[PDB]
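Working notes, beginning with the structure itself.
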Amino acid sequence: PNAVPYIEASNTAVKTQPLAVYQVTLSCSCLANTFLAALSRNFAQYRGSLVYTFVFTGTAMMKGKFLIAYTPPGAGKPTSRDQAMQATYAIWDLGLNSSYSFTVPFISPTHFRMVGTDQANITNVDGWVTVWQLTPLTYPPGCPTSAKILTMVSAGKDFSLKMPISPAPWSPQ
Amino acid sequence: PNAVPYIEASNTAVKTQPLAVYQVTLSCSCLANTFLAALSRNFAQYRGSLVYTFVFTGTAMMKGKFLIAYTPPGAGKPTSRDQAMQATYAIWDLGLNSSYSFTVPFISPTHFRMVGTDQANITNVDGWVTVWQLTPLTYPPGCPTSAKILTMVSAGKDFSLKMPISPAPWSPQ
Amino acid sequence: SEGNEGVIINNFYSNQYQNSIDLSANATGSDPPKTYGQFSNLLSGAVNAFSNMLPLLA
Amino acid sequence: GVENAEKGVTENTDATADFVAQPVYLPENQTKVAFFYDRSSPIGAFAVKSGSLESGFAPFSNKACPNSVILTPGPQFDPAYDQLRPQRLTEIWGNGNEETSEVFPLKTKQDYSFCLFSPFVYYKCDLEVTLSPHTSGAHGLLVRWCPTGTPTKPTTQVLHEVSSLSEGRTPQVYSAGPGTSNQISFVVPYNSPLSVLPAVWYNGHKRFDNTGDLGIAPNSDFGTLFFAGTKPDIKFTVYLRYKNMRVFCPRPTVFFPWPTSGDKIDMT
Amino acid sequence: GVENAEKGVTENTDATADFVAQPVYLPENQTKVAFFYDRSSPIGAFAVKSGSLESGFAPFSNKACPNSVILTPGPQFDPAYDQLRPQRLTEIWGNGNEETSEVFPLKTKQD
Amino acid sequence: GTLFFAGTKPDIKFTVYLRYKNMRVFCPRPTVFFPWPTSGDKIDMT
Amino acid sequence: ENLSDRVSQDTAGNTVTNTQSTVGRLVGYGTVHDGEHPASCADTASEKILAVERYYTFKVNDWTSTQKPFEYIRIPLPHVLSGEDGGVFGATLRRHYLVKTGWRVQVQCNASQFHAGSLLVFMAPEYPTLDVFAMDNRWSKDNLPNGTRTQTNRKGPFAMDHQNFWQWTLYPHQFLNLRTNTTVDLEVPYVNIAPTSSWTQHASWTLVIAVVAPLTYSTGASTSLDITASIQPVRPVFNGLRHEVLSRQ
Amino acid sequence: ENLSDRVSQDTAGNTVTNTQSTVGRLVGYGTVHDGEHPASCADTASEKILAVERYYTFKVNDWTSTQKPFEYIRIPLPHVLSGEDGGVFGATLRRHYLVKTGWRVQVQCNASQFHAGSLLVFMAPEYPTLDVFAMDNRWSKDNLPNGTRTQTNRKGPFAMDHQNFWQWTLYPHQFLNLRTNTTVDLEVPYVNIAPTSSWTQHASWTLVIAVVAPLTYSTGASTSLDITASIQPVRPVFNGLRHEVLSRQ
């Protein structure tokens with residue numbers, strides 16, 4: 001609950017260590033304060049694309065590559081970049097262009113998916129977005145050895161919501 | 001109440017002994033679990049043809065002939081094949097073709113007939129379907145001396161049902 | 001067929017309200033409309049061509 | 001007519017095939033599926049808790065006459081947790097639970113008629129609901145309807161002196177005056193995320209963990225109803241009516257006991 | 001898709017941009033603003049004073065269940081002057097006002 | 001505006017409800033903060 | 001011996017079935033699986049793998065003189081073919097989240113002109129199987145016709161896994177009558193609560209084999225009749241590729 | 001930082017590679033694998049499996065200051081992708097006798113503008129690999145340039161597994177020069193002694209990574225540069241379906 005708007009890339013690529021693992025649920029405590037999540041909590045079901053945007057905020061002198069993957073449910077969450085790499089993924093190369101927009105494809109048996117969880121959703125939910133280092137952050141002498149990556153979420157042009165309701169009442173404090 | 005889906009033909013033709021006698025009532029305990037009967041119990045009246053289908057399940061080596069008759073009410077149920085033979089009947093010869101579809105013609109004073117019985121219907125009901133052996137089941141050496149005949153029922157293209165109601169509630173157990 | 005309704009009058013509530021809306025999905029997907037309305041933030045001056053230009057490095 | 005039933009399909013006839021007869025067809029429309037289910041049938045009796053009109057809701061049942069109801073023709077309740085939120089079940093509970101007990105009247109809540117006769121695997125429809133108070137005197141009833149799969153714990157009272165049922169933008173219905181007819185009627189849309197609903201059984205689990213418990217497919221109902229009101233002593237009946245019913249894949253119906261008696265049945 | 005979020009505007013995609021996929025749009029109208037707020041929600045409980053039908057009105061509240069109400073979705077009341085005409089507030093008051101107190105149900109009146 | 005009430009059952013309370021007819025909104029802005037689940041990796045209800 | 005417009009072959013990849021005594025192929029619901037993509041998936045499906053669209057043949061059980069009417073054996077799909085005996089089908093299936101397929105079956109059993117008896121073979125959507133979706137092990141008359149209720153539910157009328165076998169012919173079926181045929185051929189389209197299936201926790205179709213007229217014969221006749229089956233996935237379409245299920249078991 | 005006509009993406013199924021510093025894709029022999037059926041097989045091939053035509057990404061090794069010129073690492077194909085890391089590719093591959101495919105590779109390695117050094121990445125048909133066709137474990141200069149001869153063959157001039165690395169650029173290749181690029185992209189068509197391959201006993205293509213100008217940098221610069229690769233089978237066509245290879249290892 002010590003939320004920060006970013007993740008940190010390091011100078012080491014452990015295939016066993018994700019930089020982040022997000023469950024693909026409009027209920028993830030991870031998304032709790034995004035407009036997507038605040039909007040979505042007033043509806044019963046959603047459909048369509050979710051967009052995870054990463055903004056590199058490190059030095060211009062740094063270099064690096066990330067593997068961002070979406071794993072549909074069924075076999076549990078991947079435990080190494082090697083397993084993630086078996087699902088939907090993209091390689092993000094650092095360079096002139098600052099961000100990367102990763103879209104998790106709507107893969108589902110039903111036309112729509114429930115917005116919110118009743119209880120907590122296990123090993124379920126709808127899968128996971130995991131972020132891994134492919135290559136480590138590299139740098140020259142005189143430069144910091146880690147950088148912050150800003151993480152945001154939005155709806156894709158595909159995204160739809162239906163049936164307005166009210167979430168369980170809460171108090172921000 | 002030790003229901004089996006078939007009747008047994010033997011190696012003896014007793015004109016005095018029916019293989020089966022079904023009352024033509026959508027209430028016969030005989031039909032109690034056919035879709036026809038389960039469907040019909042939600043309506044007040046029916047009209048049209050009832051189809052009794054017989055599938056011979058004995059050996060290919062067996063041979064035999066059955067007399068299947070429909071007797072309208074009025075004079076009681078027939079007591080010998082000789083009396084049944086006086087009403088509507090068909091002779092079913094065993095051979096290459098496995099089953100026989102017997103249709104009991106709708107013979108009635110009223111346009112429609114009541115589906116279910118209030119009390120029990122006597123000597124009434126709407127008559128009887130009786131199955132008799134004309135010739136005995138014959139066979140060669142090395143073959144069983146009796147065979148099972150599968151019995152099914154269905155509506156004819158003629159069949160109609162009207163006025164939806166609810167049967168008396170029951171418990172299958 | 002239809003059910004058990006036999007009123008002469010036109011339904012007072014329109015259909016989209018009286019009933020659910022049967023939709024049909026095509027196998028190959030459908031393109032979202034281009035725009036969901038006219039709300040938008042705009043990026044201007046994105047590119048070039050025109051200024052106190054070509055004194056400007058090559 | 002000679003035939004071969006082994007093919008899995010049998011040619012249909014009339015008396016005309018084997019004898020000198022005539023077809024005797026006459027038209028009727030009461031056998032269409034939509035027409036057949038387009039009538040109301042009861043699912044059970046419910047109750048309201050004292051002073052629910054002005055306080056936090058809480059699961060509770062009067063005589064196995066609860067507080068909320070899941071909109072579904074299938075069994076639900078489980079008389080053993082008459083004080084817990086109700087749940088969908090995979091069996092119907094008799095009136096008593098020991099030999100000497102009785103099957104009727106059933107304790108669980110269901111559309112016994114639908115249960116007794118639903119020769120289809122899947123169905124889709126809209127649901128018309130009728131609430132009928134067992135009283136001809138004034139009666140106040142507050143209802144909250146939540147679409148399937150949405151929040152169903154209307155437990156926090158947010159406004160001082162206002163029922164917690166009566167909160168938000170979730171559909172709420174309320175009838176209470178000296179000149180009402182006491183009953184409430186309304187129709188709800190089809191909100192399952194599923195394309196078509198299992199009518200009897202669904203051969204699968206709830207999680208991919210296969211924490212094995214087959215029977216019911218998740219979010220396969222029409223939502224939950226919560227009640228608050230002023231006559232905590234009057235019970236009311238809830239009825240379901242299937243609007244524009246559609247069914248797919250015929251399947252068998254409930255077994256009917258062999259008359260270890262006659263060669264016909266009756267009634268009751 | 002590579003992008004540059006610093007511009008303050010980000011190009012929207014579907015699964016179609018980076019992978020072999022298809023758009024999966026389906027129409028709905030429940031997300032229009034007008035439709036969304038065109039439903040009733042409560043703002044609180046009120047009361048009437050004894051014999052007000054035949055006498056001078058006077059501000060008064062029953063259990064922090066007053067006499068008059070300002071038509072607004074924002075907070076109003078201020079349980080400390082339950083006997084004064086109500087006013088619009090800039091904060092919502094919890095049920096109690098000390099640690100051991102509770103936030104729900106709220107004392108002020110609001111949507 | 002303001003609503004004033006007078007009546008005959010001084011013991012019965014009544015609820016007041018608002019419904020926004022033909023709503024129009026301008027300039028998106030942030031909504032109310034939702035507390036971090038110092039618990040799971042998802043929420044629920046209540 | 002077996003004849004003419006009754007002699008029939010079915011080629012599947014590198015697989016071909018032949019029978020010399022058919023009665024035709026019953027196509028349930030009168031339609032076949034079209035192989036069309038699920039409209040609920042944004043990802044493109046892997047489809048038309050030749051190595052997958054063929055017949056998988058294995059043995060069901062043994063039919064004996066002892067079976068009583070309505071005792072049966074259940075074969076849950078796609079589960080039965082999700083293992084090692086499922087070949088590339090199984091292998092592909094275990095790495096996808098979702099599968100959408102139809103089924104084409106042939107069940108086999110020979111006797112002689114001196115044997116008597118008949119089986120009922122049917123295919124049913126949402127038929128209640130074992131928890132673990134495995135083929136039944138032995139013939140049983142288990143939980144017919146009122147379903148399985150709780151121990152204590154002493155007076156409960158019935159459970160939702162009821163099955164009134166008197167009406168099993170409402171399901172797409174064919175009879176394997178020893179005097180008539182040696183094979184039964186069925187085909188069913190895709191049917192489910194959703195446009196594609198998360199097969200992992202749902203066995204949406206079950207192939208059922210039941211005795212309806214018990215096996216009879218005189219001495220010296222063959223005494224136990226084996227029952228085997230050939231099952232083929234009809235235009236399966238996979239979506240949601242990830243790592244392997246793994247415990248495949 | 002990396003630019004413009006140097007920013008490039010490659011989509012494979014549900015896989016996509018991006019680089020912000022490319023120098024182009026070298027297509028060896030100037031042709032791509034057409035995906036055509038082998039004319040030596042009567043059986044119809046299983047082809048166009050989407051689940052198979054994507055990029056498999058894993059790590060090769062670590063580039064350090066210590067490597068000397070011409071030390072290399074070999075990655076035999078298709079073997080490296082025949083296991084668990086080969087996904088449905090591997091799974092399909094293990095159940096077919098023969099495979100006919102092209103390769104599309106991307107090898108990755110970043111440093112900084114203060115690092116100096118260069119790699120040579122090439123792909124070669126019939127390059128001599130380990131016996132067991134596995135990826136080399138560590139960098140080696142093993143058996144260069146005269147091949148491996150027998151112990152006793154004291155005076156033998158050379159062995160047939162000779163490799164004169166001074167000429168390694170005759171092979172389809174690209175340089176990974178730290179001052180210039182971060183990625184290298186290559187593609188090769190199908191080439192072999194026969195129209196299709198019994199992959200089981202032949203690693204017909206090898207991806208080779210070699211140092212040509214050793215890694216140099218001043219203190220505080222990154223010290224070890226990881227090397228990773230993305231490999232994709234280009235329109236593989238399988239034939240001769242049987243049971244599983246099994247000892248896949």
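Ligands are numbered from 1 in the order shown, residues from 1 within each chain, and chains are lettered A, B, ... in the order they appear in the structure tokens.
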Write out the coordinates of chain A as an mmCIF file with C-alpha atoms, in the first residue's frame after a least-squares overlay onto chain B built on all ordered Cα pairs.
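Result saved to selection_30.cif:
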data_model
loop_
_atom_site.group_PDB
_atom_site.id
_atom_site.type_symbol
_atom_site.label_atom_id
_atom_site.label_comp_id
_atom_site.auth_asym_id
_atom_site.auth_seq_id
_atom_site.Cartn_x
_atom_site.Cartn_y
_atom_site.Cartn_z
ATOM 1 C CA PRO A 1 -42.449 -51.910 -11.097
ATOM 2 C CA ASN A 2 -39.460 -53.947 -12.246
ATOM 3 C CA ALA A 3 -39.556 -52.242 -15.565
ATOM 4 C CA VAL A 4 -37.530 -53.379 -18.497
ATOM 5 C CA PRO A 5 -37.577 -51.740 -21.924
ATOM 6 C CA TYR A 6 -38.656 -54.949 -23.680
ATOM 7 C CA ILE A 7 -40.991 -57.910 -23.978
ATOM 8 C CA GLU A 8 -39.964 -61.487 -24.578
ATOM 9 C CA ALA A 9 -40.997 -63.721 -27.476
ATOM 10 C CA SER A 10 -40.950 -67.439 -26.858
ATOM 11 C CA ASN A 11 -40.990 -70.629 -28.814
ATOM 12 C CA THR A 12 -44.713 -71.101 -28.221
ATOM 13 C CA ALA A 13 -47.749 -69.482 -29.597
ATOM 14 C CA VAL A 14 -50.591 -69.613 -27.046
ATOM 15 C CA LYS A 15 -53.558 -67.790 -28.607
ATOM 16 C CA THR A 16 -54.688 -67.284 -25.086
ATOM 17 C CA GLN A 17 -51.627 -65.463 -23.910
ATOM 18 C CA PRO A 18 -50.715 -61.965 -25.013
ATOM 19 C CA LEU A 19 -47.018 -61.018 -24.987
ATOM 20 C CA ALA A 20 -48.195 -57.563 -23.875
ATOM 21 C CA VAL A 21 -51.366 -55.651 -23.305
ATOM 22 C CA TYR A 22 -51.101 -51.844 -23.140
ATOM 23 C CA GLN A 23 -54.062 -49.623 -22.396
ATOM 24 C CA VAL A 24 -54.323 -46.811 -24.840
ATOM 25 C CA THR A 25 -54.296 -44.059 -22.253
ATOM 26 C CA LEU A 26 -51.570 -41.446 -21.923
ATOM 27 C CA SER A 27 -51.833 -42.518 -18.228
ATOM 28 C CA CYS A 28 -50.951 -46.190 -18.510
ATOM 29 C CA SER A 29 -48.322 -46.910 -15.862
ATOM 30 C CA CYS A 30 -46.771 -48.550 -18.915
ATOM 31 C CA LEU A 31 -46.058 -45.153 -20.557
ATOM 32 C CA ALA A 32 -45.260 -43.287 -17.290
ATOM 33 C CA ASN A 33 -41.671 -42.545 -18.296
ATOM 34 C CA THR A 34 -41.829 -41.988 -22.092
ATOM 35 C CA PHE A 35 -41.310 -38.420 -23.269
ATOM 36 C CA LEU A 36 -44.832 -38.693 -24.801
ATOM 37 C CA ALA A 37 -46.332 -39.283 -21.411
ATOM 38 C CA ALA A 38 -44.109 -36.722 -19.628
ATOM 39 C CA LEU A 39 -44.995 -34.129 -22.281
ATOM 40 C CA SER A 40 -48.667 -34.992 -22.365
ATOM 41 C CA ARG A 41 -49.135 -34.747 -18.607
ATOM 42 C CA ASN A 42 -48.856 -30.906 -18.887
ATOM 43 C CA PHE A 43 -51.955 -30.661 -21.165
ATOM 44 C CA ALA A 44 -55.661 -31.388 -20.799
ATOM 45 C CA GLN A 45 -56.490 -33.082 -24.075
ATOM 46 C CA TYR A 46 -54.879 -34.943 -26.995
ATOM 47 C CA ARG A 47 -55.920 -36.034 -30.468
ATOM 48 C CA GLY A 48 -54.319 -38.081 -33.188
ATOM 49 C CA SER A 49 -52.055 -41.083 -33.705
ATOM 50 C CA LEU A 50 -50.008 -42.994 -31.183
ATOM 51 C CA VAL A 51 -46.995 -44.981 -32.464
ATOM 52 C CA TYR A 52 -45.828 -48.188 -30.828
ATOM 53 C CA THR A 53 -42.425 -49.224 -32.254
ATOM 54 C CA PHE A 54 -41.044 -52.768 -31.769
ATOM 55 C CA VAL A 55 -37.343 -53.537 -32.336
ATOM 56 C CA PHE A 56 -36.455 -57.248 -32.633
ATOM 57 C CA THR A 57 -33.253 -57.930 -30.695
ATOM 58 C CA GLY A 58 -32.984 -61.694 -30.993
ATOM 59 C CA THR A 59 -30.513 -63.615 -33.206
ATOM 60 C CA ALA A 60 -30.316 -63.255 -36.998
ATOM 61 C CA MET A 61 -30.993 -66.988 -37.222
ATOM 62 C CA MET A 62 -34.399 -66.625 -35.491
ATOM 63 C CA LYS A 63 -37.694 -66.424 -37.290
ATOM 64 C CA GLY A 64 -41.278 -65.635 -36.196
ATOM 65 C CA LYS A 65 -44.544 -63.693 -36.741
ATOM 66 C CA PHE A 66 -46.456 -61.461 -34.354
ATOM 67 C CA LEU A 67 -50.074 -60.236 -34.454
ATOM 68 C CA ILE A 68 -50.310 -56.644 -33.007
ATOM 69 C CA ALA A 69 -53.867 -55.407 -32.537
ATOM 70 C CA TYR A 70 -55.700 -52.279 -31.434
ATOM 71 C CA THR A 71 -59.185 -52.961 -29.957
ATOM 72 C CA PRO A 72 -61.537 -49.949 -29.476
ATOM 73 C CA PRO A 73 -63.576 -50.003 -26.290
ATOM 74 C CA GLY A 74 -67.112 -51.165 -25.870
ATOM 75 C CA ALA A 75 -66.828 -54.939 -25.590
ATOM 76 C CA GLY A 76 -63.938 -55.203 -23.140
ATOM 77 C CA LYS A 77 -60.405 -56.331 -23.862
ATOM 78 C CA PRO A 78 -59.916 -59.280 -26.200
ATOM 79 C CA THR A 79 -59.004 -62.478 -24.508
ATOM 80 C CA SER A 80 -57.405 -64.495 -27.264
ATOM 81 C CA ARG A 81 -55.583 -63.658 -30.463
ATOM 82 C CA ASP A 82 -58.748 -64.875 -32.143
ATOM 83 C CA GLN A 83 -60.741 -61.970 -30.710
ATOM 84 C CA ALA A 84 -57.983 -59.454 -31.184
ATOM 85 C CA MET A 85 -57.795 -60.438 -34.842
ATOM 86 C CA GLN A 86 -61.306 -59.054 -35.141
ATOM 87 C CA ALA A 87 -60.158 -55.484 -34.591
ATOM 88 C CA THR A 88 -57.405 -53.411 -36.172
ATOM 89 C CA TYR A 89 -54.255 -55.456 -36.461
ATOM 90 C CA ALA A 90 -51.038 -56.025 -38.348
ATOM 91 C CA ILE A 91 -48.855 -59.175 -38.834
ATOM 92 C CA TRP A 92 -45.147 -58.483 -38.237
ATOM 93 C CA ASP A 93 -42.818 -60.960 -40.029
ATOM 94 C CA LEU A 94 -39.166 -61.193 -38.763
ATOM 95 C CA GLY A 95 -36.453 -60.917 -41.530
ATOM 96 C CA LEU A 96 -33.855 -58.472 -42.645
ATOM 97 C CA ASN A 97 -35.570 -55.390 -41.352
ATOM 98 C CA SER A 98 -35.329 -55.129 -37.533
ATOM 99 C CA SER A 99 -38.339 -53.093 -36.350
ATOM 100 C CA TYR A 100 -42.060 -52.608 -36.916
ATOM 101 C CA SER A 101 -43.967 -49.311 -36.376
ATOM 102 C CA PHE A 102 -47.661 -49.964 -35.445
ATOM 103 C CA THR A 103 -49.953 -46.873 -35.422
ATOM 104 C CA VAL A 104 -53.099 -46.965 -33.319
ATOM 105 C CA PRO A 105 -55.713 -45.007 -35.208
ATOM 106 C CA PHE A 106 -57.554 -42.248 -33.325
ATOM 107 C CA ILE A 107 -61.027 -43.752 -33.053
ATOM 108 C CA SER A 108 -63.214 -41.619 -30.933
ATOM 109 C CA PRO A 109 -66.649 -40.068 -30.564
ATOM 110 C CA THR A 110 -65.139 -36.757 -29.460
ATOM 111 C CA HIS A 111 -62.690 -34.623 -31.428
ATOM 112 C CA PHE A 112 -60.340 -34.840 -28.487
ATOM 113 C CA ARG A 113 -59.729 -37.185 -25.602
ATOM 114 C CA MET A 114 -58.801 -36.268 -22.055
ATOM 115 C CA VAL A 115 -55.047 -36.794 -21.316
ATOM 116 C CA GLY A 116 -55.091 -37.936 -17.709
ATOM 117 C CA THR A 117 -57.354 -40.011 -15.545
ATOM 118 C CA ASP A 118 -59.271 -38.702 -12.563
ATOM 119 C CA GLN A 119 -59.602 -41.786 -10.245
ATOM 120 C CA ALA A 120 -58.592 -44.793 -12.650
ATOM 121 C CA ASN A 121 -60.452 -45.527 -15.945
ATOM 122 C CA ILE A 122 -62.027 -49.043 -15.473
ATOM 123 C CA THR A 123 -62.475 -51.262 -18.577
ATOM 124 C CA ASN A 124 -62.498 -48.004 -20.423
ATOM 125 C CA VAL A 125 -59.601 -45.865 -21.232
ATOM 126 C CA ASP A 126 -59.625 -45.941 -24.964
ATOM 127 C CA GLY A 127 -59.124 -49.555 -25.743
ATOM 128 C CA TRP A 128 -56.064 -51.805 -25.860
ATOM 129 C CA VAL A 129 -52.923 -52.599 -27.863
ATOM 130 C CA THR A 130 -52.265 -56.386 -27.472
ATOM 131 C CA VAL A 131 -49.228 -58.229 -28.847
ATOM 132 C CA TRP A 132 -49.561 -61.977 -29.655
ATOM 133 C CA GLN A 133 -47.374 -64.670 -31.211
ATOM 134 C CA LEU A 134 -48.948 -65.888 -34.540
ATOM 135 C CA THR A 135 -46.193 -68.387 -35.180
ATOM 136 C CA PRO A 136 -43.667 -69.320 -32.504
ATOM 137 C CA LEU A 137 -40.056 -68.104 -32.545
ATOM 138 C CA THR A 138 -38.232 -70.828 -34.535
ATOM 139 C CA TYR A 139 -34.471 -71.413 -34.602
ATOM 140 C CA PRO A 140 -31.712 -73.727 -35.581
ATOM 141 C CA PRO A 141 -29.547 -75.729 -33.241
ATOM 142 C CA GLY A 142 -26.996 -73.536 -31.335
ATOM 143 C CA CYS A 143 -29.202 -70.584 -30.838
ATOM 144 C CA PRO A 144 -31.076 -69.276 -27.819
ATOM 145 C CA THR A 145 -34.836 -70.069 -27.703
ATOM 146 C CA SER A 146 -36.235 -66.680 -26.742
ATOM 147 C CA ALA A 147 -35.548 -63.099 -27.699
ATOM 148 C CA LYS A 148 -36.132 -59.619 -26.408
ATOM 149 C CA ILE A 149 -38.270 -57.159 -28.340
ATOM 150 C CA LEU A 150 -37.555 -53.430 -27.422
ATOM 151 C CA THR A 151 -40.800 -51.417 -27.073
ATOM 152 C CA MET A 152 -41.042 -47.666 -27.627
ATOM 153 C CA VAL A 153 -43.836 -45.090 -28.099
ATOM 154 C CA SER A 154 -44.058 -41.708 -29.930
ATOM 155 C CA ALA A 155 -46.600 -39.265 -31.358
ATOM 156 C CA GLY A 156 -47.737 -39.728 -35.024
ATOM 157 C CA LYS A 157 -47.752 -36.739 -37.454
ATOM 158 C CA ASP A 158 -51.416 -36.474 -36.593
ATOM 159 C CA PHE A 159 -50.926 -35.948 -32.839
ATOM 160 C CA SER A 160 -51.928 -32.712 -31.144
ATOM 161 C CA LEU A 161 -52.132 -31.587 -27.464
ATOM 162 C CA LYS A 162 -54.064 -28.568 -26.067
ATOM 163 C CA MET A 163 -54.504 -26.467 -22.891
ATOM 164 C CA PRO A 164 -51.423 -26.310 -20.692
ATOM 165 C CA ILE A 165 -51.870 -27.150 -17.089
ATOM 166 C CA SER A 166 -49.812 -28.812 -14.368
ATOM 167 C CA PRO A 167 -50.040 -32.491 -13.330
ATOM 168 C CA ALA A 168 -50.453 -33.413 -9.666
ATOM 169 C CA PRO A 169 -47.030 -32.777 -8.094
ATOM 170 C CA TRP A 170 -44.967 -35.852 -7.363
ATOM 171 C CA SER A 171 -41.598 -36.928 -6.036
ATOM 172 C CA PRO A 172 -39.577 -39.450 -8.077
ATOM 173 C CA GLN A 173 -38.654 -41.062 -4.811
#
Define the interface residues of chain E facing chain C as those within 10 Å, counting only C-alpha atoms, and report them as a PyMOL selection string.
-> chain E and resi 7-9+14+21-28+32
Could you write those residues out with C-alpha atoms, as a compact mmCIF listing (two decimals), in the first residue's frame?
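Output (part25.txt):
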# COMPACT_ATOMS: atom_id res chain seq x y z
CA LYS E 7 3.18 14.59 -25.71
CA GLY E 8 0.14 14.34 -23.40
CA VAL E 9 -1.71 12.22 -25.90
CA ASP E 14 -6.53 -2.94 -30.07
CA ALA E 21 -5.58 -10.50 -33.86
CA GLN E 22 -8.95 -8.96 -34.76
CA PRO E 23 -10.94 -6.09 -33.17
CA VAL E 24 -13.79 -7.23 -31.03
CA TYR E 25 -16.19 -4.35 -30.86
CA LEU E 26 -19.84 -4.68 -29.91
CA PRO E 27 -22.24 -1.80 -29.37
CA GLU E 28 -23.79 -0.70 -26.13
CA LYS E 32 -23.56 7.52 -22.21
To one decimal in Å, tell me the separation between CA of residue 27 in chain G and CA of residue 201 in chain D.
->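 Atom-to-atom, CA of residue 27 in chain G and CA of residue 201 in chain D are spaced 23.4 Å apart.
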Write out as a list in words which residues come within 7 Å of range 79-93 of chain G when counting only C-alpha atoms, dropping same-chain ones fewer than 6 positions away.
->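 The residues that qualify are residues 51, 52, 56, 133, 134, 135, 203 and 248 of chain G; 88, 91 and 92 of chain H.
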Can you check which residues of chain E have any atom within 10 Å of chain D? Use only C-alpha atoms and format it as a list in words.
-> residues 36, 37, 38, 39, 40, 41, 42, 43, 44, 45, 46, 63, 64, 65, 94, 95, 103, 104, 105, 106, 107, 108, 109, 110 and 111 of chain E
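Assigned to strand (DSSP E or B) in chain E, given DSSP computed from backbone atoms, are residues 2, 3, 21, 24, 40, 41, 42, 43, 44, 45, 46, 61, 66, 68, 69, 70, 76, 88, 106 and 109 of chain E.
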Using only C-alpha atoms, which chain D residues lie at most 7 Å away from chain B, written as a PyMOL selection string?
-> chain D and resi 1-5+12-15+23-25+28+30-31+36+255-260+263-268
Correct to one decimal, the distance CA of residue 69 in chain G-CA of residue 189 in chain G is 28.8 Å
At what distance in Å, to one decimal, does CA of residue 53 in chain H lie from CA of residue 53 in chain G?
->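 These two atoms are separated by 19.5 Å.
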Give me the residues within 7 Å of range 113-125 of chain H as a list in words, counting only C-alpha atoms and dropping any in the same chain fewer than 2 places off.
-> residues 140 of chain A; 111, 127, 171, 172, 173, 174, 175, 176, 177, 178, 179, 204, 205, 206, 207, 208, 209, 210, 211, 212, 213, 214, 215, 216 and 217 of chain H
Can you write out the residues you just picked, keeping C-alpha atoms, as an mmCIF file, in the first residue's frame?
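Writing done, so here's result.cif:
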data_model
loop_
_atom_site.group_PDB
_atom_site.id
_atom_site.type_symbol
_atom_site.label_atom_id
_atom_site.label_comp_id
_atom_site.auth_asym_id
_atom_site.auth_seq_id
_atom_site.Cartn_x
_atom_site.Cartn_y
_atom_site.Cartn_z
ATOM 1 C CA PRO A 140 28.392 4.137 -19.170
ATOM 2 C CA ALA H 111 26.057 -1.714 -23.909
ATOM 3 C CA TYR H 127 28.315 -26.223 -39.403
ATOM 4 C CA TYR H 171 28.333 -17.180 -44.277
ATOM 5 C CA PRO H 172 25.127 -15.084 -44.070
ATOM 6 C CA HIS H 173 26.032 -12.711 -41.227
ATOM 7 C CA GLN H 174 25.815 -9.211 -39.646
ATOM 8 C CA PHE H 175 28.093 -7.544 -37.053
ATOM 9 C CA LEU H 176 26.810 -6.484 -33.620
ATOM 10 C CA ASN H 177 29.139 -3.485 -33.224
ATOM 11 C CA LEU H 178 28.399 -1.693 -29.902
ATOM 12 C CA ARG H 179 28.884 1.794 -31.362
ATOM 13 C CA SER H 204 21.423 -28.861 -40.645
ATOM 14 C CA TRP H 205 21.815 -25.188 -39.577
ATOM 15 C CA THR H 206 23.765 -23.576 -36.772
ATOM 16 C CA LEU H 207 23.403 -20.070 -35.413
ATOM 17 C CA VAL H 208 26.970 -18.965 -34.377
ATOM 18 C CA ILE H 209 27.905 -16.039 -32.100
ATOM 19 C CA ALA H 210 31.618 -15.067 -32.099
ATOM 20 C CA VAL H 211 33.689 -12.259 -30.642
ATOM 21 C CA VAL H 212 35.775 -10.417 -33.248
ATOM 22 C CA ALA H 213 36.766 -7.231 -31.381
ATOM 23 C CA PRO H 214 36.950 -7.812 -27.604
ATOM 24 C CA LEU H 215 34.846 -5.878 -25.066
ATOM 25 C CA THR H 216 36.539 -2.647 -23.695
ATOM 26 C CA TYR H 217 35.264 0.051 -21.333
#
